[PDB]
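Visitor: As a preliminary step, the opening chains of the complex are given here in situ:
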Amino acid sequence: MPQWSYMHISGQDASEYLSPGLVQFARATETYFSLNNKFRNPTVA
């Protein structure tokens, strides 16, 4: 769907819509600042 892809419900995984630099950063800064809870995880049956 168009509006599901726009609102990040479907088409891709949570890791795949974020920028590589930001993820590189989220993993580096984890032990003293968590950024997992900032982005939805969609799971598709």
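Guide: In hand now; what should we look at? Numbers count the residues shown, from 1 in each chain, chains lettered A, B, ... in the order given.
Visitor: Can you list the residue ranges for helices in chain A?
Guide: A:2-6, A:14-17, A:20-29 (DSSP state H).
Visitor: Ok, which of those helices comes nearest residue A:42?
Guide: Closest approach to residue A:42 among the helices of chain A (Cβ to Cβ): helix A:14-17, 6.7 Å. Yep, even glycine has a C-beta here, placed from its N, CA and C like the rest.
Visitor: and residue A:33, backbone torsions?
Guide: According to degrees, to the nearest 10, the main-chain angles of residue A:33 amount to phi -160, psi 110.
Visitor: measure it to residue A:27 for me?
Guide: 11 Å (Cβ to Cβ, to the nearest Å).
Visitor: related to what we said a few turns ago, nearest to residue A:40, out of the helices of chain A?
Guide: Of the helices of chain A, nearest to residue A:40 by Cβ to Cβ is helix A:14-17, at 6.6 Å.
Visitor: Rebuild the helices of chain A as CSV, extending it with distance to residue A:44 and mean neighbour count.
Guide: Output for the helices of chain A, formatted as CSV (distance: least, Cβ to Cβ, whole Å; neighbours: other Cβ atoms under 10 Å):
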stretch, distance to residue A:44, mean neighbour count
helix A:2-6, 11, 9
helix A:14-17, 12, 11
helix A:20-29, 21, 12
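Visitor: with the structure above as the base, add chain B:
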Amino acid sequence: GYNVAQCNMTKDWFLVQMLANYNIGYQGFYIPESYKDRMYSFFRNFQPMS
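Guide: Placed with the earlier chains, chain B looks like this:
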């Protein structure tokens, strides 16, 4: 308005203690995990009164 959680202990000190014992501070207060919270640990023996 510097005391906290129904006693005469301060917001500052409570925050220092959560950060030092469990590293909670800047991501917001919540109940610390059981495995972290043992006999000589702060939160376990914390008993506030009125």
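Visitor: Now chain B against chain A: closest residue?
Guide: residue B:27 (6.1 Å; Cβ to the nearest Cβ).
Visitor: what about residue 1, neighbour count?
Guide: If you meant another chain, say so; for now it's chain A. By the criterion of other Cβ atoms under 10 Å in any protein chain shown, residue A:1 has 9 neighbours.
Visitor: wait, I meant chain B there
Guide: Residue B:1 has 4 nearby residues by other Cβ under 10 Å.
Visitor: That one in helix, strand or coil?
Guide: coil (DSSP: H, G, I helix; E, B strand; the rest coil).
Visitor: Contact partners for the residue of chain B closest to chain A?
Guide: A:33-34 (Cβ atoms under 8 Å, 6 or more residues apart in numbering or on different chains).
Visitor: Correct me if wrong: residue B:50 contacts residue B:5.
Guide: No - using Cβ atoms under 8 Å, residue B:50 is not in contact with residue B:5; the gap is 10.3 Å.
Visitor: Which of the two has more residues huddled nearby?
Guide: residue B:5 (9 against 5).
Visitor: Am I right that the more buried one is in contact with residue B:46?
Guide: No - applying Cβ under 8 Å as the test, residue B:5 and residue B:46 come out as separate, 9.1 Å apart.
Visitor: Right, I'll leave it there.
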